[PDB]
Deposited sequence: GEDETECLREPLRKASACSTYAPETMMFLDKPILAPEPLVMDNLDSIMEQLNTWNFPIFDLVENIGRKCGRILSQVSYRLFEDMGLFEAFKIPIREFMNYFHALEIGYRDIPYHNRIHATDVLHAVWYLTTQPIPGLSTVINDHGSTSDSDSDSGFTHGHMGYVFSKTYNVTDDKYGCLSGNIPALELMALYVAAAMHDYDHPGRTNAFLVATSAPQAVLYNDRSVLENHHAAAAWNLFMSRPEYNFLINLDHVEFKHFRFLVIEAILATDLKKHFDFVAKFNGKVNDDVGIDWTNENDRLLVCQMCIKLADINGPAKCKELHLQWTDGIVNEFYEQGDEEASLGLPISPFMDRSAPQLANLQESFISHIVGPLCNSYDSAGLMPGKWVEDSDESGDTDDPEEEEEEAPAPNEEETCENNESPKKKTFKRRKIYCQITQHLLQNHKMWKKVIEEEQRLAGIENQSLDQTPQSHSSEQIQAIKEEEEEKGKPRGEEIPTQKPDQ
């Protein structure tokens, strides 16, 4: 039973909203409402738009039919859980596209692929698409589309503690990420109709698969500090980032996908609050399952005593904060020149959200102390 894509591959009614694909605060939920929750074609349409903008369809002679069929199957694979659904995959794909394509102040540029929304005439800006080969960029985009495939709505710790079959299968080593990559590649290789990489040679296909698997496995938060330390050590080196080195480019792609996977706190207030609501709903479901199983309820997963503000503040200060700081210090953070200083929307939004959470925590503590 092959899950073939709907006959209209391109939806014209979305052509307006896709025009806002060039801004960081993309109204993705409005796109979900426009497309419809039943069909769930958001990821396929967004991926098609991004591939057209890059031109990877003509660069690699990618067949449209196979690409659309496989991405529709990938959309079907995502479960209807509050956070790790196809909406999150679309958001991560849009974020990696934004990070790779949008101008970066002071980034020197060296086949290669450039977005149609980038101005090559200007010499004061650069983009990661001008330093990363097209094959690696396509691998990064595909991995971002595959980063959380078939997510069960549970964390790695819950699966390990409960001795879930997935945990036993992968020997309690990056259970979620390994499962996502394995399921995505099994789906890709299961049907001939999903093979949109038929025009790649044997060596290129192997390299693409390796890059996609590495990028997917980089999304694990258990190894987050390892990646952060490695990236900081590479950047602080006098040599710096070498774009002619395969390992450095792989590390840069892994950092980009890691930053895009937790980009929620770095958005505007409305998107950040909606993503926080989704993730805390998923946490509450996991905590209810833990209570049913008799295990002690994990922190922040108790619906009776929510700690949403504390969770968000800790996540921003410990996970998102250092990662964004390292990415900006490396010089890969998109921004604009102000007249010379650099203005970044992502960093400003992260600071504003962190201040909001600190204010909420202080207000809650004051209210508790009064009572």
- request: Please list, in sequence order, every stretch of the deposited sequence that lacks C-alpha coordinates.
  value: 1-30, 141-161, 391-430, 463-503
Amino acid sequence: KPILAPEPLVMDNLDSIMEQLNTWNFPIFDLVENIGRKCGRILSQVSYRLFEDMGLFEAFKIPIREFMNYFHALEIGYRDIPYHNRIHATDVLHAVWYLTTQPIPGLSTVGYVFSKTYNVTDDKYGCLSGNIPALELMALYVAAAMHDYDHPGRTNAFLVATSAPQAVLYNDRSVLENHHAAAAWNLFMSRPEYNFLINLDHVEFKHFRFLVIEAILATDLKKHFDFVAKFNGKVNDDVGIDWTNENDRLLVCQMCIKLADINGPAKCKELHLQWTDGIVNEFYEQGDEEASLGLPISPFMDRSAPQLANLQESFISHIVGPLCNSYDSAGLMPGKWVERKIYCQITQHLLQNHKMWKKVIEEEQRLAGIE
From here on, numbers count along this sequence of modelled residues.
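Take the two forms, superpose them, and find the largest set of C-alpha atoms that agree within 1.5 Å; that set is the rigid core.
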statement: The stretch that moves more in 4 other deposited structures of this protein, judged by RMS C-alpha distance from this form after core superposition, 37-45 or 23-31, is 37-45
- line: Comparing 187-195 to 119-127 by root mean square Cα deviation from the shown form in 4 other deposited structures of this protein, core aligned, the larger deviation is found at 119-127
- prompt: Any chance residue 340 is unbuilt in a third or more of the other entries we compared?
  reply: yes
